Amino acid sequence: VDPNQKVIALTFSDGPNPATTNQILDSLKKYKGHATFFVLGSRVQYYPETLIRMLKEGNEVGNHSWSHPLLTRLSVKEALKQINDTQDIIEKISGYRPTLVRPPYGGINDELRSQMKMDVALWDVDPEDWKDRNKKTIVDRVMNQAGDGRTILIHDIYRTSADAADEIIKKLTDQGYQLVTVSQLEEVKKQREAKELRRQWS
Ligand SMILES: [Zn+2]
């Protein structure tokens with residue numbers, strides 16, 4: 001990944017769902033891009049093959065809880081169980097340990113932050129594809145807001161979202177963006193910031 005060229009992080013919450021997730025994985029593979037999938041533990045348990053596929057194809061996997069409660073409605077113990085049960089199923093299937101967590105609905109507090117011991121990964125651009133389940137509406141909202149360094153949220157459980165994601169992936173690729181994982185974007189930002197180190201010997 002070249003930090004001097006455009007980067008963007010496409011991210012997908014709520015899968016795996018083979019019919020839609022596999023289509024998105026196909027699009028990413030066709031256009032030579034990667035993404036980050038924030039998965040539900042319950043769905044990993046239903047669809048272990050899709051977890052393996054997304055990892056095999058170079059995508060990053062994050063934790064999106066077991067069954068999608070608002071974690072701030074739970075006790076800390078119950079919320080940690082949602083997260084840890086999801087770590088556990090991912091580990092049991094794949095041997096992979098996610099480092100990124102995306103709390104359902106963005107809901108988090110300082111106590112959960114400190115106790116989860118994971119990197120909280122939210123987003124910058126949200127076309128609300130759960131609300132406007134319409135391919136062109138989703139595409140246009142994303143493409144109008146896309147820019148270097150941004151993180152896009154799509155929910156990979158709807159047909160219109162998978163169809164929109166294919167078009168978004170194509171258009172961003174045509175525009176010269178590198179489609180990177182969340183962790184790769186973090187690294188790019190650090191590489192760009194590190195240019196300031198050169199001031200020490202200028
Ligand atoms: Zn979700």
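Residues numbered from 1 in each chain as written, not as in the entry; some residues may be left out. Heavy atoms only, no water. Residues with missing side-chain atoms left out of burial classes, pairs and counts.

- As recorded in the PDB header, X-ray crystallography is the method behind this entry, and the stated resolution is 1.260 Å.

## Thoughts on the overall build of the protein chain
And then number 1: A count of helical and extended segments in the protein chain gives eight helices and seven strands.
And then number 2: For a compact globule of 202 residues, the expected C-alpha radius of gyration is about 17 Å, and the protein chain comes in at 17 Å, within 12% of that figure.
And then number 3: Taking the intrachain contacts of the protein chain between residues at least 6 apart in sequence as the baseline, contacts between residues at least 24 apart amount to 77%. (Helix = DSSP H or I, 4+ residues; strand = E, 2+ residues; numbered from the N terminus. Rg over C-alpha atoms; globule rule 2.2 N^0.38 Å. Contact = heavy atoms within 4.5 Å.)

## Some words on the layout of surface pockets
And then number 1: Size it by volume and the largest pocket reaches roughly 180 Å³.
And then number 2: As for the largest pocket, its lining consists of 13 residues, of which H68, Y105, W130, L153 and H155 are closest to the centre. (1 Å grid on protein atoms, 1.4 Å probe; cavity = no way out; pocket = protein on both sides within 12 Å on 5 of 7 lines; lining within 4 Å. Points joined across faces, edges and corners; volume = space filled by probe spheres on them.)

## Description of the UniProt feature "domain: NodB homology" in the protein chain
And then number 1: Under the local residue numbering, the UniProt record ascribes the feature "domain: NodB homology" to residues 6-180.
And then number 2: For the annotated span residues 6-180, helix accounts for 46% and strand for 15% of the residues, and the straight-line distance between the end C-alpha atoms is 10 Å. (UniProt positions renumbered as here; feature names shortened; annotations may be inferred.)

## Considerations on the packing of helix α1 (residues 18-30) against helix α3 (residues 48-56)
And then number 1: Running from N to C, α1 and α3 cross one another at 10°; their axes reach a closest spacing of 11 Å. When the axis of α1 is compared with that of α3, the two are roughly parallel. Of the two possible hands of crossing, α1 and α3 adopt the one that is left-handed. Judged by residue contacts, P18, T21, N22, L25, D26 and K29 of α1 engage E49, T50, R53 and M54 from α3.
And then number 2: Of the residues assigned to the contact of α1 with α3, the class counts are three nonpolar, three polar and four charged. (Axes fitted to C-alpha atoms, helices over the stretch in contact; angles between N-to-C directions. Parallel < 35°, antiparallel > 145°, perpendicular 65-115°, else oblique. Left-handed = near helix turned anticlockwise from the far one by under 90°. Nonpolar A, V, L, I, M, F, W, Y, C, P; charged D, E, K, R; others polar.)

## Details of the coordination of the zinc ion
And then number 1: Looking at the metal site, the zinc ion is ligated by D14 (OD), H64 (NE2) and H68 (NE2), spaced 2.0 to 2.1 Å from it.
And then number 2: Going along the chain, you hit the donors of the zinc ion in the pattern D-x49-H-x3-H. One end of the pair, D14, is in the loop between β1 (7-13) and α1; the other, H68, is in the loop between β3 (60-63) and α4 (76-94), and 54 residues separate them in sequence.
And then number 3: Judged by relative accessible area, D14 falls into the buried class, the value being 9%. (Donors = N, O, S within 2.8 Å, 3.2 Å for Na, K, Ca; no water. Buried < 20%, exposed > 50% of the residue type's maximum accessible area, 1.4 Å probe, protein only.)

## Considering helix α7 (residues 159-174)
And then number 1: With 16 residues, α7 ought to run about 22 Å at 1.5 Å a step, and its terminal C-alpha atoms sit 23 Å apart, in line with that.
And then number 2: Among the structural elements, β1, α1, α6 (135-145), β6 (151-155) and β7 (178-179) are those in contact with the buried residues of α7.
And then number 3: Backbone geometry just after α7 places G176 at a positive phi near 90°. (Expected span 1.5 Å × (residues − 1).)

## With respect to the pairing of β1
And then number 1: Counting buried positions along β1 yields seven of seven residues, so the element is predominantly enclosed.
And then number 2: Burial along β1 is two-sided: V7, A9, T11 and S13 facing one way and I8, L10 and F12 facing the other are all buried.
And then number 3: Across five bridges, β1 lies against β6 in parallel orientation. Across the sheet, residue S13 finds its bridge partner in β6, namely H155. (Pairing = 2+ DSSP bridges.)

## Side note on the packing of aromatic side chains
And then number 1: Enumeration according to the criterion identifies two aromatic pairs in this entry.
And then number 2: Pairing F12 with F37 gives two aromatic rings, centres 5.1 Å apart and planes at 20°, and the pair type is stacked. Placement of the pair is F12 in strand β1 and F37 in strand β2 (residues 36-39), with a sequence separation of 25 residues.
And then number 3: With a relative accessible area of 1%, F12 lands in the buried category.
And then number 4: Arranged with centres 6.2 Å apart and planes meeting at 55°, the rings of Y46 and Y47 form a pair that is tilted.
And then number 5: Given the relative accessible area of 63%, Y46 is considered exposed.
And then number 6: A cation sits over an aromatic face here: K6 above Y177, 5.2 Å from the ring centre. (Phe/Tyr/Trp six-rings, centres within 6.5 Å; stacked < 30°, edge-to-face > 60°. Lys NZ or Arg CZ within 6 Å of the ring centre and 35° of its normal.)

## Looking at the packing of α3 against α4
And then number 1: Here α3 crosses α4 at 75°, and the two axes come no closer than 10 Å. Here α3 is positioned roughly perpendicular relative to α4, judged by the angle of their axes. In this structure, α3 contributes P48, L51, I52 and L55 to the contact, and α4 contributes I90, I93 and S94.
And then number 2: Looking at side-chain class alone, the contact of α3 with α4 contains six nonpolar, one polar and no charged residues.

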